[PDB]
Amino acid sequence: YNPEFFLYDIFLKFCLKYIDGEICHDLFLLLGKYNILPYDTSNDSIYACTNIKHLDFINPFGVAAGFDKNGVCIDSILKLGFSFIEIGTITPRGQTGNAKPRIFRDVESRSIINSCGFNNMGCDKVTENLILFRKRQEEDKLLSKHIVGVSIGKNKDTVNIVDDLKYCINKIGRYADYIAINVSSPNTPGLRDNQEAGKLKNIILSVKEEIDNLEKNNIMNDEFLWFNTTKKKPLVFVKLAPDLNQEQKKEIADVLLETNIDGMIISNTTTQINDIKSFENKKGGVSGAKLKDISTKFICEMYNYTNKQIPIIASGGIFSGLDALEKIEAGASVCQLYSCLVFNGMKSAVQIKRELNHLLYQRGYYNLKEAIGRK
């Protein structure tokens, strides 16, 4: 491995015991901004590359939304060894989010709870940050072929979700490889109710429509319209919460096929977790190890209910290569990490890529794509 990763695990050990969780996170981000994290400069195995339609991932691990909300250190997080990152969730206008403290960690169970409430700098600032990233990407050998998706959402006092989505799309869409529609945060009331079938359908179609209209105004070639990685219009995903009834699920499955959505992220955080003692005090959505089983089962169902037609992005509870293969066997094409980063540290992507590779060999798969959906 590397010593650089070593010191940071030590600093991280310290910070987990004594420092407030949001502060640790900001600290991590500040280190990224300053470009003093370690680099994974290794070639990823050609046997674990993956794709979602025409969107190609050099490796199957990315970082989930809510980690770099404002795109302040995309380079540095990608350079840890991840194939992609999802920035945001963003909203049209900058927002403080809910009252601090709003993030707590339980180390022993490797779980997190949060009630952030979409704290972010807003679309215009985040768009400016993405633009600067995209300019660096053109000059930096390590960033080529790396994917950046943008998670989009609504301001908390916004009545019309769709108007919020549309505005985001027209601002930042050109710079995104994909757009994740966040209708699943349990920290802005209601929002989660937008997963009801009628509103969701309308939402997907308006998203898809605004993206298409990006292409129509401009005089330039596509090479110049899409200032992203794929050089094409961003794909459209929707991230779902796991706190839904079986009937609801089958009904959401239906609308995804009907609207021909490019993919689904399963899943967002849960509020259905009761047995974490340090979290009785606390409010919001739950991440980490305890979410793994629920999230896995949710992938199975949706893959089934969509007839293996809608590419799945998996989240969360993913810590090991084994955790990772479970998701893939259940039907995920690609995996996002969040908590693992928090508890396992900067080495997370290097560690997990090796384990997925070593485990793909013991199960005698020829490559990753062959494992998808092999229950």
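We call the rigid core whatever largest set of C-alpha positions still superposes within 1.5 Å between the two forms. Don't overthink the numbering: it's just position in the shown sequence, from 1.
Here 137-145 and 87-95 are scored by the root mean square distance of their C-alpha atoms in 9 other deposited structures of this protein, with each structure fitted by the rigid core; the higher score goes to 137-145. Taking the rigid core as the alignment reference, the C-alpha atoms of 192-200 lie farther on average from the displayed form in 9 other deposited structures of this protein than those of the other stretch among 295-303 and 192-200. Higher mean CA temperature factor, per the PDB entry, when comparing 174-182 with 191-199: 191-199. A summary of the deposited B-factors shows that, of 250-258 and 97-105, the stretch with the larger mean C-alpha value is 250-258. Out of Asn221, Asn228, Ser144, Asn120, the entry records its largest CA B-factor for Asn221. Note on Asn129, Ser151, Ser115, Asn213: the highest value goes to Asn213, judged by CA B factor as recorded. Ranked against the other modelled residues of its chain, the C-alpha B-factor of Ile318 as given in the entry falls in the middle third. Among the modelled residues of its chain, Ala349 has a C-alpha B-factor that falls in the lowest third, as given in the PDB entry.
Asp44: CA B factor lies in the middle third for its chain, per the PDB record.
Among the modelled residues of its chain, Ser287 has a C-alpha B-factor that falls in the middle third according to the deposited record. For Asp293, the recorded CA B-factor ranks within the highest third of the chain. Only modelled residues enter the ranking.
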